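A.B. asks: I have a structure here, written as structure tokens, and I will follow up with some questions on it.
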Amino acid sequence: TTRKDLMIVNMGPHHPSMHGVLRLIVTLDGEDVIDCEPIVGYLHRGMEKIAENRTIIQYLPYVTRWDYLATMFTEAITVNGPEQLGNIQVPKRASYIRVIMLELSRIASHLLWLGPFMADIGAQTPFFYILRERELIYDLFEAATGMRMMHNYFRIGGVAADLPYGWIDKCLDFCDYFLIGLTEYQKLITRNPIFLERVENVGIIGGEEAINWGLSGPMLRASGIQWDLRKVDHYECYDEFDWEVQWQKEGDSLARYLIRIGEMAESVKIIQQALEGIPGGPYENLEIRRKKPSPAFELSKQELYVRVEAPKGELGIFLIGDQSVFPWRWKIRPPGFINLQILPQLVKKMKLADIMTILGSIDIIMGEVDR
Amino acid sequence: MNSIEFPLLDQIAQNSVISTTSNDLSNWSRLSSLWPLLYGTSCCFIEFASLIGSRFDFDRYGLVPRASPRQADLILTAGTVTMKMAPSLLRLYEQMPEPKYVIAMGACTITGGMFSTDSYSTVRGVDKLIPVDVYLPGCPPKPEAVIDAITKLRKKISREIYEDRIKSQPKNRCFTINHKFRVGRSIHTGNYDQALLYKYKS
Amino acid sequence: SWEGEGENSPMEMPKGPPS
Amino acid sequence: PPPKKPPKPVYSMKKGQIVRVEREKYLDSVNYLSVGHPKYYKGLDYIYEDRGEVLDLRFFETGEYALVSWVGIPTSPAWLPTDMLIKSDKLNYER
Amino acid sequence: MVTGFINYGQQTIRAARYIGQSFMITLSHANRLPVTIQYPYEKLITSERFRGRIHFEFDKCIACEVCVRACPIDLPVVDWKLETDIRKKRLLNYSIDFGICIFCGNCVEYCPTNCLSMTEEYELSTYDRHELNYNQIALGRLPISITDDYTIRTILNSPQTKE
Amino acid sequence: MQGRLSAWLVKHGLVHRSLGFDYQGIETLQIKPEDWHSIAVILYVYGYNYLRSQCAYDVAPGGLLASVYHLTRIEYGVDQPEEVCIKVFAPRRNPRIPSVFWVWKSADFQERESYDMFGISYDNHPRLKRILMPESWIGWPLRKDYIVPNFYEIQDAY
Amino acid sequence: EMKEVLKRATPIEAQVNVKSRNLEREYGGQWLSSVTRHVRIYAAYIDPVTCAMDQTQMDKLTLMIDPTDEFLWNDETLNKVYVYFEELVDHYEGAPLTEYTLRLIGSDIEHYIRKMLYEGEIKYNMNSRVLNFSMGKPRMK
Amino acid sequence: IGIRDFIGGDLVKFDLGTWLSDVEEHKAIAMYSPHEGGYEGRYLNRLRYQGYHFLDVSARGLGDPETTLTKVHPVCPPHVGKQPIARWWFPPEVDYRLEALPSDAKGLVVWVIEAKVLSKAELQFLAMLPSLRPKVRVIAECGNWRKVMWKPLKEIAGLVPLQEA
Ligand code: SF4
Ligand code: SF4
Ligand code: SF4
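Chains as they are written, first to last, in the entry's author numbering: chain H, 5 to 294, 313 to 393; chain K, 1 to 202; chain U, 78 to 96; chain O, 57 to 151; chain I, 4 to 166; chain J, 1 to 158; chain M, 63 to 203; chain N, 65 to 229.
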């Protein structure tokens, strides 16, 4: 049964369930997964090398190409690395706008996780159902930033521009409509017998294993661990708003689904609280804002590590400056790249049709796994 | 001078009713059912997903996404093609049955885009790999622009004649020699996390 | 340059139950 | 304070100088271990084709280094030692 | 033993109820109007800051080449020569290739003379790649607004909220 | 100033070297490669539950290769967790650093990345192979003196 | 004057009744090939008459230039590309059969093809399925 | 309006003889087609059946069509900062294709897609192009319509008064 009985199938870059170009070399013993080997790097564009030999104002368009669903989180980490290195303060209005945009991107990322997840389970209608409201999120972003995705809105020491006239009421109406949409999603999906029986007892992860494997976000929080980097690191203005860290005790994929739904609801609450108490004053820092040759931000000569709570987990930047415009070292800590390495342990001794459910439980997009 | 040259060919055919209307109806049928490959690689595929969704509908043009290459007419290349992925992309294109059409969507598929300058693994355009009919500029092109590119592809498809069929079959020239290289087995054998606890080796 | 610090510290577990 | 006494520790070449790399010195250098090719591989011929251009110069703890990028090659520049480079006369490249 | 059959009964009716609930939730969308924008017979009006095809003013360009340096890929090509009579930079050619352009907005933001602007002109698809190398004449063409095309229904995303 | 972890190590007689702090004040320690496999277990024993990130970088072209580990604690009821940066330096000619996969499993992919980009070989890693680059590639791309060998599909789209 | 290009690349003796075979379990999962729009180098025996590819014959390198015709090829130009391919294969003696070596060989072969196109040896194939000029538009000198 | 509007816009109509007669009489023709496209190939197909060879020209990146089409024109290939600025010279497109056509070809047809973006004078030149080059026919999509209708391009460009159809 060691060989000539074990079928090695390359469920590779071109597969509907493979989010992007992830490859799995799966060894099956009659629809039973003996093991699987993940092959990644089919989207490796060498972005860490392009991070050098590029100024920050030049590298900012490159930033949104990892985690292209939650682009504002990558933009936030890229603009808050060097602004922490240079001790640049952020005005309160810019911080509130950043919090609102980050929570909207978290909502959109959780939506476009729920879509492919239920598609891999077998339901195709929820994909269109999430897209009906992700188009509204795109409309808000295009009204504010100027584009649906790849916004190029976050800037060092502030944002690109202030919110346009008539944006607060539009976002509030979106929140009011999206709460109803989320209730419809939970009515359609959450108790469905086929969905439960496909999801209820797959991918049980212990809390100790989740800590040791380096998991973060909804993966780590779905093992009995209340670990959110928004409340641990006191990021931006998250200490001023009333919100709860969504965590569940059981380790299965249903806990992850419930966590992401609750995170969407808590995010909506955060947008509502932030828009209710928006401050005034400037948004761009007037100190840094100053035909003549224009230099870029010269990074100081010290190392730095900055973290953010991306919807997929913890997104980090390890930055080493060289007293020049180009950073000496720019290492990206991707949440999906570290959450993916637990997949062979989970899918071992499981079944072939369960691989789709396990991989949809993990928020993996291949543009962020490799760089 | 990189000049161009027309080869020697014969007269076409000329027909009154049967062949001409049959060709026109075949062209019209291949217009309205350009089934995409569901080939997604990178961020542009998200906008491709936005063209499967409700706000902009794939179904109005037909254009139902089919996973298998054998059931796909159009490959809509969305995403950067790395060195690790380009042979897979060319296989997928080759495995698609004739007639087949390619749309290069995104700046990374036309010329490499942002990665045209410093990326050490990004293929600068799939025109180096597959023959592209319609080029679609833009980083995440708007879904309406994708529909416009598909409309232009339809404009070119409806212009086809029977002669274009013999423009599509490969010439298939080959040349075989011995290489005296070193033959080695595959590094990725599929063995992963099996008997891992016995692999410590202090 | 410098030197590798804590080269057994020359006391370490000075009296008491050793770690 | 300055690093030594001038603002820069003075370098062998100027920025924008067109340089050409030694074959033998590069091959026995430590930096060639980054590529790891055998001696008969033909991927690095354009290195010796007098196409390189110096963008920056820096005195690392391992010596003087120049960040050279070759004209017509859309790849990342490389830090190479100044001893293995020659300052040349003309660009010697046409697209 | 009977309690097992009773529990099987109550855990079967629940599944039927939730299947019917999914059916009802999905079929309640048949009474709702479609959200589909029927392109190309209907076009969505772009935002006031949508980043599309570049518009270039030849008279206002000074060939300062800061738009090249602000570009992530140094894409714009500014061929210029010095007019020795006045010692000012005379522009000869300006070209942006839209096959490599990502429409980031750095050129239109860091241009000191503000001669570079973003239009609403998307849908720049061409059959040939090298036809995307727009020179200073193609860039200078005024964009075609969808509000001026009266064969389509221009769709507004949200109420104007200008009251 | 001596950090908490450095004071604990000098109390327990473990050799190391303190390189200072980052901009946030997190301690940075240098561990010799020969002692790193023994010191990682002691680091977990201290209470560092979470291997936040494993990274490698070039100190200087033609110079040392440094491997970086970020560690913190995940525990109930701790307000400010303790985070430490630790760097292990290996020569360029033959870089060899022991793997911490048998202490923290999170290094499993990450060290492979450090092998794929910089060529730092990890000893006790059971599946050390290229992860991002093609598996038949020759060369380490992220080293500062790497040169791309003129592939046709990388050149300009003519 | 004279004959010129007198090397006259000699292919291996043609086999008969060759049937298509997949790669074995141990050797499968890898590309052992370099494919690109103008060049396909396969560690296999491919015959053109019946379109059969035997991938178990790893001791043979089959070169297919221009499958989707973008250039007009004469027999002399084919012989030039084939003698260059033979010289490149003999130059890389001792290298592994990995994808990296074959991709390098294809890269030099395509650089040779572009040099031939720009020198006037070959011209772009009109009456092709597409007209995109992947090696550059017609330009004057 | 209805009745005739809602009645068959089928593609079996006998307008093709009139279409060929118009494209032979009026050398430059403006064409209007369905928005979703694909109903133009029925009319271009018969032109290609007569031996005409098509040159597809996009009017968005045309760039002053006089020197782009009828003259040798300078174009700068896009450097990405790795190369110095190079000035290439390209042959006149329509004349290069004309002199390179086989002797049995009836001629060249210039298919100008998206010609609405051109100005008035560019359309004037595109209409007057067949006068300078005898064996060139000009087809330019100047818009979209529910049904395929064509007009002389000189009438649209303003050389001839726009007679009511
Ligand atoms: S245009 Fe290129 S870089 Fe931008 S999202 Fe698409 S594939 Fe990625
Ligand atoms: S920044 Fe503006 S003015 Fe300066 S060269 Fe560019 S386009 Fe011309
Ligand atoms: S829009 Fe951005 S990518 Fe395009 S030319 Fe301007 S700066 Fe360059």
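Think of the CB as a built atom: it goes at the ideal place given N, C-alpha and C, for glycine as much as any other residue.
How is the beta strand (DSSP E) around H/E325 delimited, first residue to last?
C.D. replies: The residue you call residue 325 of chain H lines up with position 303 of the first sequence. Counting along the chain, the beta strand (DSSP E) containing H/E325 begins and ends at 325-332.
A.B. asks: Anything in the segment 151-183 of chain M with a Cβ closer than 9 angstroms to a Cβ of chain J? List those residues in chain order, please.
C.D. replies: Cβ contacts with chain J come from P158, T160, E161, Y162, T163, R165, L166, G168, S169, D170, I171, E172, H173, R176.
A.B. asks: Mind checking if J/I154 is an interface residue toward chain K, Cβ cutoff 8 angstroms exclusive?
C.D. replies: Residue 154 of chain J sits at position 154 when you count from the first residue of the sixth sequence. Yes, its Cβ sits closer than 8 angstroms to a Cβ of chain K.
A.B. asks: Would you say the beta carbon of N/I149 comes nearer than 7 angstroms to a heavy atom of ligand 1?
C.D. replies: Against the eighth sequence, residue 149 of chain N aligns to sequence position 85. Answer for N/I149: no, Cβ out of range of ligand 1.
A.B. asks: Just to confirm the assignment, what range does the beta strand (DSSP E) spanning H/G335 have?
C.D. replies: Position 313 of the first sequence, counted from the start, is the residue given in the question as residue 335 of chain H. H/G335 -> beta strand (DSSP E) spans 335-342.
A.B. asks: Using a Cβ-Cβ cut-off of 6 angstroms (strictly less than) and excluding sequence neighbours within five positions of M/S82, which residues of its own chain qualify?
C.D. replies: Sequence index remark: in the seventh sequence, residue 82 of chain M carries index 20 (1-based). So the list reads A114, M115, once near-sequence residues are dropped.
A.B. asks: If you reduce the DSSP assignment to three classes, tell me which class I/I28 lands in.
C.D. replies: Position 25 of the fifth sequence, counted from the first residue, corresponds to residue 28 of chain I. Looking at I/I28 - three-state DSSP - the assignment turns out to be helix.
A.B. asks: Using a beta-carbon distance cut-off of less than 9 angstroms, what residues from the segment 140-154 of chain J approach chain K?
C.D. replies: Listed in sequence order: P141, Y146, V148, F151, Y152, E153, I154.
A.B. asks: Run the proximity test for I/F59: is its beta-carbon closer than 7 angstroms to any non-hydrogen atom belonging to ligand 3?
C.D. replies: The residue you call residue 59 of chain I lines up with position 56 of the fifth sequence. No - ligand 3 has no heavy atom lying nearer than 7 angstroms to the Cβ of I/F59.
A.B. asks: In this structure, does DSSP put K/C108 in helix, strand or coil?
C.D. replies: Taking the second sequence and counting its residues from 1, the one referred to as residue 108 of chain K is at position 108. Helix at K/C108.
A.B. asks: So H/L381 packs on H/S21, CB below 8 angstroms; how close in whole Å?
C.D. replies: Counted from its first residue, the first sequence places residue 381 of chain H at position 359. Counted from its first residue, the first sequence places residue 21 of chain H at position 17. 6 angstroms between Cβ atoms; contact.
A.B. asks: Would you decide whether K/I12 is buried or exposed? Buried here means 16 or more other CB atoms lie within 10 Å of its CB.
C.D. replies: Sequence index remark: in the second sequence, residue 12 of chain K carries index 12 (1-based). Exposed.
A.B. asks: Nearest-angstrom Cα distance between H/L89 and K/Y61?
C.D. replies: Position 85 of the first sequence holds residue 89 of chain H. Position 61 of the second sequence holds residue 61 of chain K. Their backbone Cα atoms lie some 52 angstroms apart in a straight line.
A.B. asks: Just mark J/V78 as buried or exposed, buried being the case when its beta carbon has 16 or more other beta carbons within 10 Å.
C.D. replies: As a first step, residue 78 of chain J must be located in the sixth sequence, where it is residue number 78. Exposed, by the Cβ-count rule.
A.B. asks: Does O/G72 pass the burial test, meaning 16 or more other C-beta atoms within 10 Å, or should it be called exposed?
C.D. replies: Translated into positions along the fourth sequence, residue 72 of chain O becomes position 16. The residue in question, O/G72, is exposed, as its Cβ has fewer than 16 Cβ neighbours within 10 Å.
A.B. asks: So which residues on chain H does J/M1 lean against when the C-beta distance must stay under 8 angstroms?
C.D. replies: As a first step, residue 1 of chain J is located in the sixth sequence; it is residue number 1 there, counting from the start. Within 8 angstroms Cβ-Cβ: nothing; J/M1 doesn't reach chain H, min ~17 angstroms.
A.B. asks: Please check if any C-beta of chain J sits within less than 8 angstroms of the C-beta of O/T138.
C.D. replies: The count along the fourth sequence starts at 1 and reaches residue 138 of chain O at position 82. Taking Cβ atoms only, chain J never reaches closer than 8 angstroms to O/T138, which makes this a no.
A.B. asks: Excluding the five sequence neighbours on either side, which residues of its own chain have a C-beta within less than 7 angstroms of the C-beta of H/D246, listed in chain order?
C.D. replies: As a position in the first sequence, residue 246 of chain H is number 242, starting the count at 1. For H/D246, where only same-chain residues beyond five positions count, the Cβ hits under 7 angstroms are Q277.
A.B. asks: Return helix, strand or coil for H/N84, following the three-state DSSP convention.
C.D. replies: Here residue 84 of chain H refers to the residue found at position 80 of the first sequence. If DSSP states are grouped into helix, strand and coil, H/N84 belongs with the helices.
A.B. asks: What residues in its chain sit with their C-beta under 7 angstroms from that of H/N205, if we drop five residues either side in the sequence?
C.D. replies: Position 201 of the first sequence holds residue 205 of chain H. Answer for H/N205: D256, listed in chain order.
A.B. asks: Here's the rule I'm using: 16 or more other beta-carbon atoms within 10 Å means buried, otherwise exposed. How should I/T150 be labelled?
C.D. replies: Translated into the one-based positions of the fifth sequence, residue 150 of chain I becomes position 147. Under this definition I/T150 is an exposed residue.
A.B. asks: Name the DSSP bridge partner or partners of N/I93?
C.D. replies: Mapped onto the eighth sequence, residue 93 of chain N falls at position 29. Partner(s): N/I203, N/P216.
A.B. asks: Assuming the contact rule is C-beta atoms closer than 8 angstroms, M/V78 and K/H179 should be a hit. Round their C-beta distance to whole Å, please.
C.D. replies: As a working note, residue 78 of chain M is residue 16 in the seventh sequence. As a working note, residue 179 of chain K is residue 179 in the second sequence. Not really, about 22 angstroms apart at Cβ, beyond 8 angstroms.
A.B. asks: Within this structure, are the beta carbons of M/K122 and K/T176 separated by less than 8 angstroms?
C.D. replies: By one-based count along the seventh sequence, residue 122 of chain M stands at place 60. By one-based count along the second sequence, residue 176 of chain K stands at place 176. In this structure, K/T176 lies closer than 8 angstroms to M/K122 by Cβ.
A.B. asks: Thinking J/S106 and H/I360 are a contact (beta carbons under 8 angstroms), I'd like their distance in whole angstroms, please.
C.D. replies: By one-based count along the sixth sequence, residue 106 of chain J stands at place 106. By one-based count along the first sequence, residue 360 of chain H stands at place 338. With a Cβ gap of about 6 angstroms, J/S106 and H/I360 count as contacting.
A.B. asks: Buried or exposed for K/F58, going by 16 or more other Cβ atoms inside 10 Å?
C.D. replies: Numbered from its first residue, the second sequence carries residue 58 of chain K at position 58. K/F58 comes out buried.
A.B. asks: So, for residue 153 of chain O: in the same chain, excluding its five sequence neighbours on each side, which residues have a beta-carbon less than 6 angstroms away from its beta-carbon?
C.D. replies: Since the displayed chain O opens at 57 and closes at 151, residue 153 of chain O lies outside it and no answer follows.
A.B. asks: Out of O/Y149, O/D145, O/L136, O/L147, which one is the CA nearest neighbour of O/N87?
C.D. replies: For the purposes of this step, residue 87 of chain O is taken as the residue at position 31 of the fourth sequence. Measuring from the Cα of O/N87, the nearest candidate turns out to be O/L136.
A.B. asks: Which residues bound the alpha helix (DSSP H) around I/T49?
C.D. replies: Residue mapping note: residue 49 of chain I aligns to position 46 of the fifth sequence, counting from 1. It is not in any alpha helix (DSSP H) - I/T49 carries neither H nor E in the DSSP assignment.
A.B. asks: Going along the chain, which unbroken runs of the beta strand (DSSP E) with 3 or more residues stay wholly within the segment 62-91 of chain K?
C.D. replies: Within the segment 62-91 of chain K, the complete beta strand (DSSP E) runs of at least 3 residues are 74-78.
A.B. asks: How many angstroms separate the CA atom of K/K152 from the CA atom of N/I177?
C.D. replies: The residue given as residue 152 of chain K occupies position 152 in the second sequence. The residue given as residue 177 of chain N occupies position 113 in the eighth sequence. C-alpha separation (whole angstroms): 9 angstroms.
A.B. asks: Answer with buried or exposed for K/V183, where buried requires no fewer than 16 other C-beta atoms within 10 angstroms of its C-beta.
C.D. replies: Reading the second sequence from its first residue, position 183 is the one you call residue 183 of chain K. Label assigned to K/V183: exposed.
A.B. asks: Rounded to whole angstroms, how far is the Cβ of K/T77 from the Cβ of K/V102, which I believe are closer than 8 angstroms?
C.D. replies: As a first step, residue 77 of chain K must be located in the second sequence, where it is residue number 77. As a first step, residue 102 of chain K must be located in the second sequence, where it is residue number 102. Confirmed, Cβ separation roughly 7 angstroms.
A.B. asks: For H/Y239, which option in H/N14, H/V94, H/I54 has the closest C-alpha, if you only look at C-alpha atoms?
C.D. replies: In the first sequence, residue 239 of chain H corresponds to position 235, counting from 1. When only C-alpha atoms are compared, the closest one is H/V94.
A.B. asks: For M/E86, which option in H/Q324, H/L28, H/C40, H/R7 has the closest C-alpha, if you only look at C-alpha atoms?
C.D. replies: Start at 1 with the first residue of the seventh sequence, and residue 86 of chain M comes out as number 24. Considering only alpha carbons, the answer is H/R7.
A.B. asks: Please classify J/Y46: does DSSP put it in a helix, a strand, or coil?
C.D. replies: If you number the sixth sequence from 1, residue 46 of chain J lands on position 46. DSSP places J/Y46 in helix when its eight states are reduced to three.
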